[PDB]
Amino acid sequence: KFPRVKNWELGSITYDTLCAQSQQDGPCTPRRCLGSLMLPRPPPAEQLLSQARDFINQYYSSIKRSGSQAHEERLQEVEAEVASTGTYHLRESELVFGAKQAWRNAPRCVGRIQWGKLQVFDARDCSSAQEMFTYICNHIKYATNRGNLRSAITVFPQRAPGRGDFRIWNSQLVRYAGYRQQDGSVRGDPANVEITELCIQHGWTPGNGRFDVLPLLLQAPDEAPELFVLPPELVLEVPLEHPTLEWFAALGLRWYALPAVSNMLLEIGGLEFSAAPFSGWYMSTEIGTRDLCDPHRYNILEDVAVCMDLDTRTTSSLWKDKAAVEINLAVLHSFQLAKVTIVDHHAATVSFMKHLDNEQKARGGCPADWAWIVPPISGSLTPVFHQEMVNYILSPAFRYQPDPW
Amino acid sequence: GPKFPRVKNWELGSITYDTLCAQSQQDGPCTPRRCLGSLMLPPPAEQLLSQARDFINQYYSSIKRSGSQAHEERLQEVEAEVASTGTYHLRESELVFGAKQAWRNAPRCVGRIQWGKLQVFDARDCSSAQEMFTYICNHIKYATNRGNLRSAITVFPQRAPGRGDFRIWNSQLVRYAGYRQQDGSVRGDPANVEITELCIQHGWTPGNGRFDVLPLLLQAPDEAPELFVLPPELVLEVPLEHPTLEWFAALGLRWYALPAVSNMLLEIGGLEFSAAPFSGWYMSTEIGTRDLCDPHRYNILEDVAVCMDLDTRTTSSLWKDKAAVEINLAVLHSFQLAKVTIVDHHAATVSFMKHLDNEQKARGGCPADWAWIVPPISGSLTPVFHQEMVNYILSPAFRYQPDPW
Ligand code: HEM
Ligand code: HEM
Ligand SMILES: N=C(NCCC[C@H](N)C(=O)N[C@H]1CN[C@H](C(N)=O)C1)N[N+](=O)[O-]
Ligand SMILES: N=C(NCCC[C@H](N)C(=O)N[C@H]1CN[C@H](C(N)=O)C1)N[N+](=O)[O-]
Ligand SMILES: C[C@H](O)[C@H](O)[C@H]1CNc2nc(N)[nH]c(=O)c2N1
Ligand SMILES: C[C@H](O)[C@H](O)[C@H]1CNc2nc(N)[nH]c(=O)c2N1
Ligand SMILES: [Zn+2]
């Protein structure tokens, strides 16, 4: 019934009772576990009302005013609005709580210890791409804070029956262009070829570098997306150098300071916010290991290996591991040098272990996707590796949604 | 596409559908409500016969005589034997096929590309602890083959109706003693404290080293386990040295050449071989990262970092990652130097990807435990990290079984 959860380094055990609260099915079945899969393979009033009531219930419990008159009243309002219109609207205070909870509930996020400190920007009174742009710029400016990153989410208008969605076509507010060159090779970020091509097709004048910040393609309901170039001065970047390998800086690598996913759907009380970009700060391995070393990304491992006089002749010399480490070291040093918030995978995983403990005491468990929580390098050297985790869907939730094009 | 788990490789963008999972006749620990994929752990002649029939069909299918007279005759013979005795026996060739399929079916084994080359030693005539010892020594001699390791499995008599099980108490045929000290610390391998104390409780005169090879506690049916000291000349060990760090050899570290899980249960067609130790060869991270660096194992990370003069006071220096890499390198280098078979995590995972391809063609899929297949260090640097995997239980299988004490 309730999963027994063990930490194999400490021998300690817990029981996840929070999973019982899951109302949404994951991809697994007793026949086969698909936990390693990255993505999943006008709503009826009843369904919506139950999700809304549940969320409103979560909200009043949150302020320790459950059952109160304010609680009864609010539930009536939602009920009244759904019955008459088939949908309802959240009050800003609920939206704030809901966004924090979606973050707290994100199984793939290792930075959830920060969940309670989230600046929520209510952008639901946005009626045009132009306005979306203004709010996005404010988010970036607020969130960056001159390198002293602060967690934030900007919430745009909720989806509405039979009307197009507000959408940010970009997968992140800040991302580098990926230009396909004859050879089939890609200049810049291969993960962003399609979006780069969409921007171009929509009138963007493309650059030709390896780190060209993409412009935003913002879409107001049922309108073609519009292009907006982010003011370069709002986009903080960090040049990468190594603390002892002088030649590192010569690779001309750099990365943006602000990780800001912008293609996920924020679901709260049955309401869907198709555009709700959020940002916290980077864990170094995201940049040092995945962005820079994934073979299908910048794939710089070999280059750094060679620059290190490593024997890339054989895998047994562990040249890849060695290069990967210095790259990650480079990222950390650089961000620390540029005084831009960044957390290493050890500090991060240790704080996530504390978060697991906080959540165990607070809610009796914590949904966590082990494959995502365990860092991409030095997995077992971090505490989360030895920690069993239970993965399930709690709502409020951030979820994937189809690309708008 | 089709109606089976859609499996994607995110590095190559390639897709496959697992149809093999349809053959799974045993539930795993996951449900639509939650994924427990990261958990280390989780006779009615009627139930046996169905498993036995299934296995005989598997066997006859493998020799392409499915539906043949021999096939129907064996099926009838098995039902008859089970009918009059409650159990049945496998023909030699069936045992060989079964042991190989069990390995082939092992979701946690990254070395499955070698599944077809398993040397199956039939020890089903073994009738005493002393003889188990002889069989085990023969396995070790044959498997070690002076360093040019050969995968092998020695199958002792299957579990019998009322009779006691043949059991090897040790978790592996070769493991180091773990001596609980007065100050609570452990000298040797903390993972082996219990078995070490069990060997003492059974008359073993304990050594006092950090690498004392444990004796074997072998148990023939309904008899207390007997203690057998492996002749040192049969236990090949590899003193650890680093290719460049000359002081590493001074740490006096060493590991044994033959990894030989000896406490797993080999299940074939419902028959249970409680003693069927198997061995292949090591993937270097098993020793270098887990055995030597797990905080709950030899925990030598800090010692090596101090020797490397790293800043162990801060996580951001990545001292753990740095030392871990060197330790793993020392392991690969030493085994290669000592001419003892070993495979690094890069070679093993690439070979496993080939295996996935082979199996996709041969069986329409391959059960794999992602958390276990992806190596403990440099996870995303290997191809399996970017490979979605479907985990399910097929039979024949190797299963954990309770410790006999
Ligand atoms: C404050 C510091 C934060 C850090 C250190 C952090 C770190 C991480 C990391 C390492 C991942 C995995 C990223 C990947 O591999 O693609 C992740 C994923 C995620 N985080 Fe956080 N996070 C933070 C803030 C936030 C905030 C503020 C939100 C939302 C309000 C959030 C929501 C999520 C979600 C939904 C995922 C999954 C994203 C996906 O599936 O692509 N995170 N986070
Ligand atoms: C030929 C060389 C082989 C290599 C390189 C290899 C490598 C591995 C590795 C790295 C693991 C994970 C070990 C751990 O993390 O504890 C493993 C697990 C396993 N291997 Fe293989 N293996 C090989 C041979 C074999 C053979 C001959 C068999 C059986 C006939 C086998 C059966 C298994 C099983 C059942 C597991 C899971 C054990 C457990 O749950 O503790 N392997 N193997
Ligand atoms: N630190 C993060 N990280 C999440 C965004 C950065 C991440 N490294 C990234 O590039 N995400 C992409 C690529 N993989 C995700 C996916 N689902 O495919 C989206 N978030 N935050 O708010 O502080
Ligand atoms: N390469 C192996 N590896 C499996 C045995 C060595 C492995 N590194 C080990 O120490 N396994 C122990 C500790 N963890 C496993 C468990 N289930 O707890 C058993 N086997 N082989 O036959 O070639
Ligand atoms: C196939 C596998 O699920 C996939 O590569 C996952 C593994 N773990 C991950 N972990 C994090 N943090 N981010 C990712 O993108 C992934 N990708
Ligand atoms: C909790 C988690 O399942 C556990 O630490 C697993 C992770 N992956 C592993 N992978 C391998 N190969 N071996 C192990 O012992 C483990 N331990
Ligand atoms: Zn699962």
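Order of the sequence lines fixes the chain letters, A, B, ..., with proteins taken first and strands second; residue numbering starts at 1 for each chain.
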For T314(B), is it the side chain, the backbone, both or neither that has a heavy atom under 4.5 Å from a heavy atom of chain A? neither

If we define contacts as heavy-atom pairs under 4.5 Å, which of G37(B), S24(B), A324(B), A371(B) has the most with chain A? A371(B)

Residue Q25(B) versus chain A: region with a heavy atom under 4.5 Å: neither

Which atoms of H345(B) are under 4.5 Å from chain A, going by heavy atoms: the side chain, the backbone, both sets, or neither? side chain

Under 4.5 Å from any heavy atom of chain B - which part of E326(A): side chain

State, with a plain yes or no, whether a side-chain heavy atom of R32(A) is found less than 4.5 Å away from one of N391(B). no

Region of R4(A) that comes under 4.5 Å of a non-hydrogen atom in chain B: backbone

Could you grab the distance from atom NE2 of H346(B) to atom OG of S316(A), nearest 0.5 Å is fine? 9.5 Å

Which bit of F4(B) is near chain A, if near means a heavy-atom gap under 4.5 Å: side chain, backbone, both or neither? backbone

Residue pair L329(B), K322(A): steps toward the side-chain contact (heavy atoms from CB on, under 4.5 Å) verdict: CA-CA 10 Å; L329(B) 182 61; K322(A) 282 177 166 169; 3.5 Å; yes

Counting only heavy atoms closer than 4.5 Å, note whether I342(B) contacts chain A via side chain, backbone, both or neither. neither

Let me confirm one number: the SG-CE distance from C35(B) to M389(A), rounded to the nearest 0.5 Å. 12.0 Å

Under the 3.5 angstrom rule, does the side chain of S380(A) hit a backbone N or O of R290(B) as a donor-acceptor pair? no

Flag side-chain contact, heavy atom, 4.5 Å: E388(B) against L34(A): no

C21(B) backbone acceptor or donor facing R31(A) side chain under 3.5 Å: yes

Are side-chain heavy atoms of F385(B) and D294(A) found at a separation under 4.5 Å? no

So which of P243(B), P5(B), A347(B), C293(B) has the largest heavy-atom pair count under 4.5 angstrom toward chain A? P5(B)

Out of curiosity, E11(B) CD to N299(A) CG, how far, rounded to the nearest 0.5 Å? 8.5 Å

Where on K320(B) is there a heavy atom nearer than 4.5 Å to chain A: the side chain, the backbone, both, or neither? both

Rounded distance [0.5 Å steps], CH2 in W370(B) versus CG in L37(A): 12.0 Å

Option that, when pairs with chain A are counted at under 4.5 Å, heavy atom only, ranks first among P107(B), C30(B), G379(B): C30(B)

Counting only N and O atoms by type, is there a donor-acceptor contact under 3.5 Å from the side chain of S378(B) to the main-chain atoms of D321(A)? no

Over 12 foreign heavy atoms within 6.0 Å of CZ, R180(A): no

Quick check for you: among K8(B), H386(B), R297(B), which has the greatest number of heavy-atom pairs under 4.5 Å with chain A? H386(B)

Which answer fits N328(B), side chain, backbone, both or neither, if we ask what part of it has an atom under 4.5 Å from a heavy atom of chain A? both

Could you tell me which portion of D344(B) (side chain, backbone, both or neither) has an atom closer than 4.5 angstrom to a non-hydrogen atom of chain A? side chain

Tell me, yes or no, whether the heavy-atom count around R41(A) atom CZ, taken from other residues, nucleotides or ligands under 6.0 Å, exceeds 12. yes

Select, from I377(A), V350(A), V390(A), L318(A), the one with the greatest count of heavy-atom pairs under 4.5 Å involving chain B. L318(A)

Pair count under 4.5 Å, heavy atoms only, with chain B: among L301(A), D25(A), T289(A), highest is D25(A)

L332(A) portion near chain B, given a 4.5 angstrom heavy-atom threshold: side chain

Contact winner vs chain A - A22(B), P29(B), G13(B), heavy-atom pairs under 4.5 Å: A22(B)

Closest non-hydrogen atom pair, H296(A) against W10(B): CD2-O, 3.4 Å

